[PDB]
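So this one's structure-v1.cif, mmCIF, C-alpha atoms:
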```cif
data_query
#
loop_
_atom_site.group_PDB
_atom_site.id
_atom_site.type_symbol
_atom_site.label_atom_id
_atom_site.label_comp_id
_atom_site.auth_asym_id
_atom_site.auth_seq_id
_atom_site.Cartn_x
_atom_site.Cartn_y
_atom_site.Cartn_z
ATOM 1 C CA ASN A 1 27.424 33.140 -50.332
ATOM 2 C CA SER A 2 28.740 34.377 -46.995
ATOM 3 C CA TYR A 3 28.920 32.536 -43.684
ATOM 4 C CA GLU A 4 29.386 33.466 -40.014
ATOM 5 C CA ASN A 5 32.331 32.034 -38.067
ATOM 6 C CA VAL A 6 31.157 33.106 -34.616
ATOM 7 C CA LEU A 7 28.389 31.430 -32.588
ATOM 8 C CA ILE A 8 26.532 33.724 -30.141
ATOM 9 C CA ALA A 9 25.309 32.723 -26.640
ATOM 10 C CA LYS A 10 23.446 34.723 -23.965
ATOM 11 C CA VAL B 1 21.228 -0.206 -35.716
ATOM 12 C CA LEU B 2 19.796 3.095 -36.919
ATOM 13 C CA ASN B 3 22.254 5.819 -37.935
ATOM 14 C CA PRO B 4 20.186 8.442 -39.783
ATOM 15 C CA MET B 5 20.908 12.080 -40.492
ATOM 16 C CA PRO B 6 20.156 14.416 -37.506
ATOM 17 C CA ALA B 7 16.439 15.217 -36.961
ATOM 18 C CA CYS B 8 16.999 18.829 -38.134
ATOM 19 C CA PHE B 9 18.584 17.754 -41.461
ATOM 20 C CA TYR B 10 16.491 18.687 -44.523
ATOM 21 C CA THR B 11 17.497 18.544 -48.177
ATOM 22 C CA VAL B 12 16.656 22.229 -48.700
ATOM 23 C CA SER B 13 18.426 25.282 -50.068
ATOM 24 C CA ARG B 14 19.741 28.192 -48.066
ATOM 25 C CA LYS B 15 16.567 30.146 -48.999
ATOM 26 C CA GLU B 16 14.221 27.274 -48.199
ATOM 27 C CA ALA B 17 15.894 26.764 -44.813
ATOM 28 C CA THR B 18 15.578 30.503 -44.049
ATOM 29 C CA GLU B 19 11.851 30.439 -44.890
ATOM 30 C CA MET B 20 11.183 27.321 -42.815
ATOM 31 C CA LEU B 21 12.677 28.942 -39.693
ATOM 32 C CA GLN B 22 10.695 32.185 -40.097
ATOM 33 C CA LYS B 23 7.393 30.400 -40.773
ATOM 34 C CA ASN B 24 7.536 28.056 -37.748
ATOM 35 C CA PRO B 25 9.709 29.391 -34.894
ATOM 36 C CA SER B 26 7.715 27.147 -32.565
ATOM 37 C CA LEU B 27 9.386 24.095 -34.164
ATOM 38 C CA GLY B 28 13.010 25.146 -33.547
ATOM 39 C CA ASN B 29 15.569 27.577 -34.989
ATOM 40 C CA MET B 30 18.327 25.440 -36.475
ATOM 41 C CA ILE B 31 18.525 23.450 -39.701
ATOM 42 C CA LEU B 32 21.270 21.229 -41.137
ATOM 43 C CA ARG B 33 21.314 21.072 -44.951
ATOM 44 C CA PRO B 34 23.495 20.006 -47.869
ATOM 45 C CA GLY B 35 26.312 22.436 -48.476
ATOM 46 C CA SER B 36 25.861 24.274 -51.790
ATOM 47 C CA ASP B 37 28.452 23.170 -54.392
ATOM 48 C CA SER B 38 30.085 20.618 -52.068
ATOM 49 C CA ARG B 39 29.598 17.248 -50.324
ATOM 50 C CA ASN B 40 29.885 19.221 -47.081
ATOM 51 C CA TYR B 41 27.087 20.649 -44.961
ATOM 52 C CA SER B 42 25.680 23.972 -43.795
ATOM 53 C CA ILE B 43 23.840 24.976 -40.635
ATOM 54 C CA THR B 44 21.265 27.776 -40.870
ATOM 55 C CA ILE B 45 20.032 29.332 -37.650
ATOM 56 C CA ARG B 46 17.535 32.043 -36.675
ATOM 57 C CA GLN B 47 18.402 33.717 -33.370
ATOM 58 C CA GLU B 48 16.329 36.343 -31.558
ATOM 59 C CA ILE B 49 18.816 37.528 -28.961
ATOM 60 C CA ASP B 50 18.715 41.266 -29.833
ATOM 61 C CA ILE B 51 16.773 41.253 -33.157
ATOM 62 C CA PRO B 52 15.976 38.263 -35.403
ATOM 63 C CA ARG B 53 19.083 37.311 -37.408
ATOM 64 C CA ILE B 54 19.633 34.512 -39.930
ATOM 65 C CA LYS B 55 23.155 33.075 -39.877
ATOM 66 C CA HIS B 56 24.821 30.272 -41.856
ATOM 67 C CA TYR B 57 27.764 28.090 -40.887
ATOM 68 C CA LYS B 58 29.978 25.680 -42.826
ATOM 69 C CA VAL B 59 30.486 22.121 -41.567
ATOM 70 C CA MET B 60 33.272 20.443 -43.542
ATOM 71 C CA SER B 61 33.826 16.725 -43.956
ATOM 72 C CA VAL B 62 37.493 16.032 -43.138
ATOM 73 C CA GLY B 63 38.521 12.370 -43.095
ATOM 74 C CA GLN B 64 36.000 10.615 -40.835
ATOM 75 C CA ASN B 65 35.185 13.788 -38.937
ATOM 76 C CA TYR B 66 33.492 17.138 -39.389
ATOM 77 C CA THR B 67 35.004 20.547 -38.774
ATOM 78 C CA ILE B 68 32.699 23.425 -37.877
ATOM 79 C CA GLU B 69 34.307 26.489 -39.494
ATOM 80 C CA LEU B 70 34.432 29.001 -36.626
ATOM 81 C CA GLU B 71 37.104 31.527 -35.580
ATOM 82 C CA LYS B 72 38.564 28.632 -33.624
ATOM 83 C CA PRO B 73 37.484 25.557 -35.651
ATOM 84 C CA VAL B 74 35.948 22.604 -33.792
ATOM 85 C CA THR B 75 36.244 18.980 -35.006
ATOM 86 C CA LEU B 76 33.733 16.271 -34.067
ATOM 87 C CA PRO B 77 33.172 12.641 -35.212
ATOM 88 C CA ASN B 78 29.623 12.813 -36.555
ATOM 89 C CA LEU B 79 26.730 15.099 -37.343
ATOM 90 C CA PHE B 80 24.783 14.356 -34.152
ATOM 91 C CA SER B 81 27.883 15.576 -32.286
ATOM 92 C CA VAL B 82 27.880 18.780 -34.409
ATOM 93 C CA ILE B 83 24.235 19.508 -33.478
ATOM 94 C CA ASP B 84 25.064 18.806 -29.784
ATOM 95 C CA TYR B 85 27.934 21.313 -30.038
ATOM 96 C CA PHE B 86 25.701 24.068 -31.501
ATOM 97 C CA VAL B 87 23.172 23.577 -28.693
ATOM 98 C CA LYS B 88 25.843 23.445 -25.985
ATOM 99 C CA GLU B 89 27.905 26.406 -27.276
ATOM 100 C CA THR B 90 24.782 28.638 -27.451
ATOM 101 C CA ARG B 91 23.723 27.438 -24.000
ATOM 102 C CA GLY B 92 20.448 25.979 -25.259
ATOM 103 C CA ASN B 93 19.416 28.967 -27.346
ATOM 104 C CA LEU B 94 19.636 26.870 -30.494
ATOM 105 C CA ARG B 95 17.106 24.091 -30.861
ATOM 106 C CA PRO B 96 16.907 21.687 -33.817
ATOM 107 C CA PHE B 97 14.012 22.440 -36.155
ATOM 108 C CA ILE B 98 11.651 19.427 -35.928
ATOM 109 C CA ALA B 99 9.220 19.757 -38.846
#
```
Represent the structure contained in this file as C-alpha cells.
Amino acid sequence: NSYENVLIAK
Amino acid sequence: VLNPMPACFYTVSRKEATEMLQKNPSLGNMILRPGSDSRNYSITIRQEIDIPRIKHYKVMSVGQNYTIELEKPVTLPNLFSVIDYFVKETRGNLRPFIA
C-alpha cells in the first residue's frame, strides 16, 4: 500500500 | 476521566474507510484507523478541492508520541492532537467523520 506525505490546503 | 480514541477512529480497513467517506460526505471526510500490519495508525481522507481524491497517511507511534509521516514529519503527544493538526494544516477543509 502507498501513502501520501503531503497535506493539501486551499 | 475519559480518554477514548478520537471520534473519527473506526476499526475498519483501508477499503472500508474509503467506502464510508464516499457514502456519507455529509458526516465528514477524515477517518483514523488501525495501521495495516502494525500497531501504528493510518488516516484516510477524501478531499474535493479540484476533483475527489482519496489519500492515506501514516501516523507512527514513537515513544509516548505520534509522528505524522509527511515531507517534514510532525510529532504530537496524542491522537486528539493529530486530528487537530490535520484540521489546522488543511485550514478546516478536513473534518472528522462522525458516523
Pick out the chain A residues within 7 Å of chain B. Count all atoms listed in the file. Give them as an MDAnalysis selection string. chainID A and resid 3:9
Those residues you just picked out, can you put them in a file as a CSV table (one decimal), in the coordinates of the input with C-alpha atoms?
```csv
chain,number,residue,atom,x,y,z
A,3,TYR,CA,28.9,32.5,-43.7
A,4,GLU,CA,29.4,33.5,-40.0
A,5,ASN,CA,32.3,32.0,-38.1
A,6,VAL,CA,31.2,33.1,-34.6
A,7,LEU,CA,28.4,31.4,-32.6
A,8,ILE,CA,26.5,33.7,-30.1
A,9,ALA,CA,25.3,32.7,-26.6
```
Name the residues captured by the PyMOL selection byres ((chain B and resi 22) around 12) when it is applied to the shown file; answer as a list in words. residues 15, 16, 17, 18, 19, 20, 21, 23, 24, 25, 26, 27, 28, 29, 30, 31, 44, 45, 46, 47, 48, 52, 53, 54 and 97 of chain B
Could you take the residues named above and write them with C-alpha atoms, as a tab-separated table (two decimals), keeping the file's coordinate frame?
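Done, and the output landed in out.tsv:
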```tsv
chain	number	residue	atom	x	y	z
B	15	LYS	CA	16.57	30.15	-49.00
B	16	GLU	CA	14.22	27.27	-48.20
B	17	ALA	CA	15.89	26.76	-44.81
B	18	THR	CA	15.58	30.50	-44.05
B	19	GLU	CA	11.85	30.44	-44.89
B	20	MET	CA	11.18	27.32	-42.82
B	21	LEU	CA	12.68	28.94	-39.69
B	23	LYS	CA	7.39	30.40	-40.77
B	24	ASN	CA	7.54	28.06	-37.75
B	25	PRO	CA	9.71	29.39	-34.89
B	26	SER	CA	7.72	27.15	-32.56
B	27	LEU	CA	9.39	24.10	-34.16
B	28	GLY	CA	13.01	25.15	-33.55
B	29	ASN	CA	15.57	27.58	-34.99
B	30	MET	CA	18.33	25.44	-36.48
B	31	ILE	CA	18.52	23.45	-39.70
B	44	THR	CA	21.26	27.78	-40.87
B	45	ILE	CA	20.03	29.33	-37.65
B	46	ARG	CA	17.54	32.04	-36.67
B	47	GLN	CA	18.40	33.72	-33.37
B	48	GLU	CA	16.33	36.34	-31.56
B	52	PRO	CA	15.98	38.26	-35.40
B	53	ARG	CA	19.08	37.31	-37.41
B	54	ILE	CA	19.63	34.51	-39.93
B	97	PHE	CA	14.01	22.44	-36.16
```
Selection dump of the PyMOL selection byres ((chain B and resi 40) around 9), as a PyMOL selection string: chain B and resi 34-39+41-42+58-61+66
Selection result of the PyMOL selection byres ((chain B and resi 7) around 10) on this file, as a list in words: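 So the PyMOL selection byres ((chain B and resi 7) around 10) ends up selecting residues 4, 5, 6, 8, 9, 10, 31, 32, 80, 83, 96, 97, 98 and 99 of chain B.
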Could you work out how far atom CA of residue B:74 lies from atom CA of residue A:10, giving the answer in Å with one decimal?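 Going from atom CA of residue A:10 over to atom CA of residue B:74 covers 20.0 Å.
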